[PDB]
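Heads up, the thing below is written out as structure tokens.
In the entry's author numbering, the protein residues as written are 1665 to 1714.
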């Protein structure tokens, strides 16, 4: 409704990079969890970019 796609896109990109940098700082058990969450955050960002 607002058409503020770029603001939310940058916000979600920051979220993505945060998850990526936290991926290497985490244990394997929760590493799997971070990777599984990345698979969906990237879908979010790709949809918003489209």
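Don't be surprised by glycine CBs; every beta carbon is placed ideally from N, CA and C.
Residue of the options minimising C-alpha distance to residue i
i            : options                   : result
residue 1699 : 1668, 1683 and 1707       : 1683
residue 1685 : 1714, 1667, 1702 and 1712 : 1702
residue 1704 : 1677, 1670, 1671 and 1669 : 1677
Supposed contact pair residue j and residue i - C-beta distance, whole angstroms, cut 8 Å
i            : j            : result
residue 1680 : residue 1709 : 6 Å
residue 1695 : residue 1687 : 6 Å
Entirely within the segment 1689-1714 and at least 4 residues each: give me those alpha helix (DSSP H) ranges in chain order. 1692-1713
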